[PDB]
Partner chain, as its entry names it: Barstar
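Quick setup: one chain, the form deposited without the partner chain, written in structure tokens, and binding and motion questions come after.
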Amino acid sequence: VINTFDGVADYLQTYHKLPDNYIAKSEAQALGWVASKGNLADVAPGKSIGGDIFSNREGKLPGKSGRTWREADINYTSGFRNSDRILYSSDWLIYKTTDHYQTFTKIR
């Protein structure tokens, strides 16, 4: 599994896609994932939540017409989700947050 800051970062730029271990929350839900039970590991072993759109409501991330932001969980293994995420734009700007999108710093 590729689920580290650098790992995923390096992967996105090579391939322009998330590593195989990611799945969207909708897909996770479809598999029986219940956020309140922190059972993700049970229904989809080896997977992490990744690839949903980040609406960037607070305009914290650099904007642009035609720029879409997506997010992915980092350092997840089991149980409840943590606070680490990578933010990637369609033009491949890579940002990180370790505090639940309060703050962001560029990593690529």
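Positions refer to the first chain, counted from 1.
Stretches compared: 28-36, 50-58. Higher mean C-alpha B-factor in the entry: 50-58. Higher mean CA temperature factor, per the PDB entry, when comparing 79-87 with 66-74: 66-74. Per the PDB record, residue ranking by Cα B-factor puts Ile107 in the lowest third of the chain.
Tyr95: CA B factor lies in the lowest third for its chain, per the PDB record.
Just so it is clear, the following notes concern the form deposited with the partner chain bound, a form of the same protein that is not shown.
Remark: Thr68 does not count among the residues lining the partner chain in the bound PDB entry, judged by a heavy atom distance of 4.5 Å or less.
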